[PDB]
Every structure is written in C-alpha cells, then in structure tokens.
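A.B. asks:
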Ligand SMILES: *[C@@H]1O[C@H](CO)[C@@H](O[C@@H]2O[C@H](CO)[C@@H](O[C@@H]3O[C@H](CO[C@H]4O[C@H](CO)[C@@H](O)[C@H](O)[C@@H]4O)[C@@H](O)[C@H](O[C@H]4O[C@H](CO)[C@@H](O)[C@H](O)[C@@H]4O[C@H]4O[C@H](CO)[C@@H](O)[C@H](O)[C@@H]4O)[C@@H]3O)[C@H](O)[C@H]2NC(C)=O)[C@H](O)[C@H]1NC(C)=O
Ligand SMILES: *[C@@H]1O[C@H](CO)[C@@H](O[C@@H]2O[C@H](CO)[C@@H](O[C@@H]3O[C@H](CO[C@H]4O[C@H](CO)[C@@H](O)[C@H](O)[C@@H]4O)[C@@H](O)[C@H](O[C@H]4O[C@H](CO)[C@@H](O)[C@H](O)[C@@H]4O)[C@@H]3O)[C@H](O)[C@H]2NC(C)=O)[C@H](O)[C@H]1NC(C)=O
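Residue numbers (the numbering used here), protein chains in the order written: chain X, 1 to 52; chain Z, 1001 to 1139.
1) State buried or exposed for residue 1046 of chain Z, treating a residue as buried only when at least 16 other CB atoms are found within 10 Å of its CB.
2) Output, in sequence order along the chain, the residues in the stretch 24-47 of chain X whose CB is closer than 9 Å to any CB in chain Z.
3) Looking only at DSSP bridge pairs, what is residue 1004 of chain Z linked to?
4) What distance in whole Å lies between the Cβ atoms of residue 1119 of chain Z and residue 1102 of chain Z, which are believed to be in contact at a cut-off of 8 Å?
5) Check whether the Cβ of residue 1099 of chain Z sits closer than 6 Å to any heavy atom of ligand 1, and report yes or no.
6) Would a C-beta distance cut-off of 7 Å place residue 1096 of chain Z and residue 1027 of chain Z closer than the cut-off?
7) Taking the beta carbon of residue 1135 of chain Z as the centre, do at least 16 other beta carbons fall within 10 Å, making it buried, or is it exposed?
8) Under 7 Å from any heavy atom of ligand 2, by CB: list those residues in chain order, please.
9) Measuring from the CB of residue 1041 of chain Z, is there a heavy atom of ligand 1 at a distance below 6 Å?
10) Using a threshold of 7 Å, state whether the C-beta atoms of residue 1003 of chain Z and residue 1021 of chain Z are closer than that.
11) Nearest by alpha-carbon distance to residue 1140 of chain Z: which of Z/1072, Z/1053, Z/1085, Z/1066 is it?
12) Applying a beta-carbon distance threshold of less than 7 Å, which residues of chain X neighbour residue 1111 of chain Z?
13) Does DSSP put residue 1010 of chain Z in a helix, a strand or coil?
14) With hydrogens ignored, establish whether the beta-carbon of residue 1004 of chain Z is closer than 6 Å to any heavy atom of ligand 1.
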C-alpha cells in the first residue's frame, strides 16, 4: 500500500537474462544428441502422387 | 573409324613402333586397348591403359617386351615392341572401347567420407577398332 515505483520494460535485464538462459538450455539439450553429418550426400530426388 | 600406322617389316632383334590415331579428338573418354591376331591361332589381348590415366594393365606374358603409351596432346596411341621374335609376325589392332568402373569393397569413415575403395573396373566392350597393322619379322 502507498507504494509507487518506476518500471521500464525496455531497460529490464530479466528479459535478456532469460533469453540467454533459453539459448543455453536449447544448446545443452542438443549436445547429447545424434550427429547428422553423414546426411550431406547427393540425393536422387523425384517429384511425389495423390496430391492436391 | 580409326587410323593405324602402315605395314612394317623388321629384322629380329631391334624394336618396332605402331601409332593408332583417332580423327581429331572425338575419342577421348573411351578407353584404349591393343590386340594381336596370329593367323590360325585366334586373337590375343595385348593390354589396355584406360582413359583417365589410372590403369596400365599389360598381360604378363607380354609385359617384358611390350609397352603401351598414350599422348594426350596429339591423342595418339603408341605401341612399342622390343623382342620382335618370329612369334610377333602378325597383325596388331588398336581398339577403342568402354569399361564399367564398378565400386567394390570401400571403407567409408564414421563421418561418411570415403577412406579408400578398390573400385576395380570391368571391361565392357570395344566398339571402335583400327584398320590393323601388319608387322612382319623375317630372318
Ligand atoms: C550409391 O552407391 C552405389 C554403389 O554401387 C552407386 O551405384 C553405382 O554408381 C556408379 C557410379 O556411376 C555406377 O558406375 C557406372 O556404371 C555404369 C554402368 O551402369 C549400368 O550397369 C549397371 C550394372 O553394371 C546398372 O546397375 C546400371 O543401372 C546401369 O544400367 C558404367 O557404364 C559407368 O562407367 C562410366 O563411368 C566410368 C567412371 O565412373 C568410366 O570409366 C566409364 O568409361 C564410363 O564412362 C561414362 O562416362 C563417360 C564420360 O565420363 C562417357 O564418355 C562414356 O560414354 C560413359 O558413359 C560407371 O562405372 C555403378 O554402375 C552403380 N551401380 C553399382 C552396382 O555399382 C549409386 O550411384 C550410389 N547412389 C548415389 C550416389 O546416390
Ligand atoms: C586425387 O584424385 C585424383 C583422381 O581422382 C588422382 O589423380 C590420379 O592419381 C593416380 C594415382 O592413383 C594417377 O595414376 C598414376 O599416374 C602416373 C603418371 O605416370 C605418368 O608417366 C608414366 C611414365 O612414367 C606414363 O606411363 C603415364 O601414362 C603417365 O603419363 C602413372 O605412372 C601411374 O602408373 C602406375 O600405377 C598404375 C596403376 O595405378 C600401374 O598400372 C603402372 O604400371 C604404374 O605402376 C598411375 O597410373 C593419375 O595419373 C592421376 N590423374 C590425374 C588426372 O591427376 C590424384 O592422384 C589424387 N591425389 C591424392 C593426393 O589423393
């Protein structure tokens, strides 16, 4: 009660910190995952067949 | 068609040279073969040197005395004979053909590269043949 405080959504550091967080978790979840380098091979592709 | 060097006569002991030429440079992707035809004895396969320049196979029975060269700049096949015995008195034909470079056992790596591959190539056919050069050896 009786409390008035300034706010600044744009100078807020919480958003920056949590963006850095989300980036960190996203990378960390990918570290123990299967590497997919052997996929970069020539692909013999044809068009695909009951398609609108 | 193909062109071969004219008929030759040689005293036994020395060497002889045979040239097979294509018209211009229209036959470069096809591989090169040399064959021999002893009358009444069928035909023999002298050897071949492929077209990319990675093979030089010559049958061991004729390995010592026979050499096969290819001049890229002039697009000319060279056949050199050294012993020139009585058995070499026959007709030599230059042939242009195609092979099948199949890929046999190959060691891919963990990342998916190609460490090495024997990729032995198989003879398919000899479409184009020279007019034939007669080499006569007389004592
Ligand atoms: C996954 O991995 C497989 C591995 O087997 C691979 O299949 C093979 O690919 C190679 C690469 O092209 C093929 O090699 C060619 O084969 C043809 C013959 O193919 C016919 O016959 C086979 C059965 O033997 C059939 O299965 C096939 O469907 C065809 O009907 C050869 O004729 C080719 O030779 C040419 O290339 C050589 C160099 O590669 C030359 O030395 C040779 O002289 C030939 O020259 C050609 O090109 C010249 C210009 O460069 C031209 O002037 C000539 O006139 C001529 O046209 C070649 O060896 C092989 O057949 C495939 N199959 C097998 C069982 O090995 C797959 O492709 C691969 N998948 C990918 C990469 O997506
Ligand atoms: C990267 O990949 C490319 C192609 O994918 C390679 O290029 C070829 O490499 C091969 C080697 O595996 C080369 O083949 C060799 O060429 C030699 C050239 O010799 C010249 O001189 C002799 C006279 O001394 C001539 O008779 C000949 O026609 C040439 O004009 C040959 O001497 C070699 O012959 C030897 O091996 C063959 C079998 O391989 C035997 O039958 C022979 O008796 C002899 O012992 C051989 O043929 C080829 O020339 C290369 N071509 C090109 C266009 O470069 C690269 O080498 C490769 N590089 C790496 C680092 O991997």
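No residue lacks a Cβ here, since even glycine has one placed at the ideal position from N, Cα and C.
C.D. replies: Short version:
1) The count along the second chain starts at 1 and reaches residue 1046 of chain Z at position 46. Taking a 10 Å sphere around the C-beta of residue 1046 of chain Z, we find 16 or more other C-beta atoms and assign the residue as buried.
2) Of all residues in the stretch 24-47 of chain X, 35, 37, 38, 39, 40, 41 have a Cβ within less than 9 Å of some Cβ in chain Z.
3) In the second chain, counting from the first residue as 1, residue 1004 of chain Z sits at position 4. Note: residue 1004 of chain Z is bridge-paired with Z/1020 in the DSSP secondary-structure output.
4) On the second chain, residue 1102 of chain Z is found 102 positions in, with the first residue counted as 1. On the second chain, residue 1119 of chain Z is found 119 positions in, with the first residue counted as 1. Right, their Cβ atoms sit about 7 Å apart.
5) Within the second chain, the letter at position 99 stands for residue 1099 of chain Z. It does: the Cβ of residue 1099 of chain Z is within 6 Å (strictly closer) of some heavy atom of ligand 1.
6) In the second chain, the residue the question calls residue 1096 of chain Z occupies position 96. In the second chain, the residue the question calls residue 1027 of chain Z occupies position 27. A contact, by the Cβ cut-off of 7 Å.
7) In the second chain, the residue the question calls residue 1135 of chain Z occupies position 135. Here residue 1135 of chain Z is buried. Its C-beta has 16 or more other C-beta atoms within 10 Å.
8) Chain-ordered list of matching residues: Z/1049, Z/1052, Z/1053, Z/1054, Z/1055, Z/1056, Z/1057, Z/1069, Z/1070.
9) Here residue 1041 of chain Z is taken as the residue at index 41 of the second chain, counted from 1. Incorrect: residue 1041 of chain Z has no Cβ contact closer than 6 Å to ligand 1.
10) Against the second chain, residue 1003 of chain Z aligns to sequence position 3. Against the second chain, residue 1021 of chain Z aligns to sequence position 21. Going by C-beta atoms, residue 1003 of chain Z is nearer than 7 Å to residue 1021 of chain Z.
11) Within the shown structure, residues of chain Z are numbered from 1001 to 1139, placing residue 1140 of chain Z beyond reach of any answer.
12) The residue labelled residue 1111 of chain Z in the question sits at position 111 within the second chain. In chain order: 37, 38.
13) Residue mapping note: residue 1010 of chain Z aligns to position 10 of the second chain, counting from 1. Residue 1010 of chain Z: strand per DSSP, three-state reduction.
14) Taking the first residue of the second chain as 1, we reach residue 1004 of chain Z at position 4. Checking the Cβ of residue 1004 of chain Z against ligand 1 gives no.
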